[PDB]
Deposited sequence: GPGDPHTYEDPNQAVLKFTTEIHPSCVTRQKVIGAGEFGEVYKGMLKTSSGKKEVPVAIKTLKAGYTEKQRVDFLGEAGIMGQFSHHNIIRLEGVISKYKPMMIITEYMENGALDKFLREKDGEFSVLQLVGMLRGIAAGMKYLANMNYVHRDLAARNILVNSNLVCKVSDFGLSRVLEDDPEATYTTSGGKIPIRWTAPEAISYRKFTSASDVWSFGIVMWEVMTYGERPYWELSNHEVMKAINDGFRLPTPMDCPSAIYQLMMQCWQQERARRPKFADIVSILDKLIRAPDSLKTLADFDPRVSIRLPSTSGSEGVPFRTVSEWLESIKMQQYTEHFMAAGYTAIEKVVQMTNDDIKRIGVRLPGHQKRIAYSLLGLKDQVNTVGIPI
């Protein structure tokens, strides 16, 4: 579980260790329900034990004529999925790796992909019901982050919905969903997943509108890099749009963590009157212009790419900004910032931080 060693970089080993090899005689294939990258997807039934009643499943298959790399990549997804056990993460029943066709057998999600489901159900849920869907997705992502798993492809199309409307993250083992630092520098983290989650929030509250659909990919690239952002969906609580914008902070360290997101959404759901104030919706607006105070020492340090010293500050008792602004340049040396260039970068930043805490602006 969390904290335990994980196997995210060895597909065959994860298949061996974390999947149940299912005998083909236990699987009954029924109607086709989708087309995947590697082959058709079916609804079916699974006998897990000789003396047990069959249970409904989804059956993902690998197309005939596959290459061995396609086979490894296909089954590798199950090796990842089998390490997870959470209400909002797709549950793996097992795989067939010994006989053709290769199969991945999962719980059946009758309502399919969330973006398609919401378009089919346009306008038919309450805002509160939509926020509960987002809470379920966030809870799954909180679990993945705690499992030190970065998803990299979080989008409404990769959330599946079952008959009880439970939303579950899938797709283990797309510029409009990807954080700026992940596109430009390939820095994928749970914080870039949080960016994606903000996009998912926008997809859900718009009932499956395509993000930045008015724009080409090249225009999306300028938008995200320069700081343009999606405008509010129609009928979107201000608290929910403000959370989207927080997920889309340019500086990844300023984005909320998934544990924070779940707590925020829980508070809103428990007091649903908090959802009644809406963000101003103007149908003529397609994009917001760029937006023009550090909460933690870690945020401040990462803003200047000095996060490698975070624990050095904490251990010495410099755990808040109001403490940091009292630091001399010799204190920085004292706690272990040895490299002169790093001393200089922190010293200069502290000057600006001291300007900030001493700023006064009282309207009369």
Identify which parts of the deposited sequence carry no C-alpha coordinates, going from the N-terminal end onward.
174-193, 313-318
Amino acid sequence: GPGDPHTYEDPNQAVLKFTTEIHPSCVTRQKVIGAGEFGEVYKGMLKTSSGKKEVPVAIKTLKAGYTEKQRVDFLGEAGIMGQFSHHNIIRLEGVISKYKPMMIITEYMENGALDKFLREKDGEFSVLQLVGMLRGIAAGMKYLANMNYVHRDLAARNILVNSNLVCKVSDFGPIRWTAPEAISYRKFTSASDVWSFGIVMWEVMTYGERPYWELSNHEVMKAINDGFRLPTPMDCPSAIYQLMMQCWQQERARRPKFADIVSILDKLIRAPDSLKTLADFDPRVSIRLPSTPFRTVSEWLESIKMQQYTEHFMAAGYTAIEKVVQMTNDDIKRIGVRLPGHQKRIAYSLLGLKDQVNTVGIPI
From here on, numbers count along this sequence of modelled residues.
Between 47-55 and 24-32, name whichever shows the higher mean Cα B factor according to the PDB entry.
47-55
Mean C-alpha temperature factor, higher of 59-67 and 314-322:
314-322
Of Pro293, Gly112, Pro290, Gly94, which one's C-alpha B factor is largest in the deposited record?
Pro293
Among the modelled residues of its chain, does the C-alpha B-factor of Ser190 lie in the lowest, middle or highest third?
lowest
Could you tell me which third, lowest, middle or highest, the C-alpha B-factor of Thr206 occupies within its chain?
lowest
Taking the values exactly as deposited, rank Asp273 by C-alpha B-factor within its chain and report the matching third: lowest, middle or highest.
highest
Chain-relative C-alpha B factor for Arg284 (record values, thirds): the middle
According to the PDB entry, is the CA B factor of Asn148 in the bottom, middle or top third of its chain, that is, lowest, middle or highest?
middle
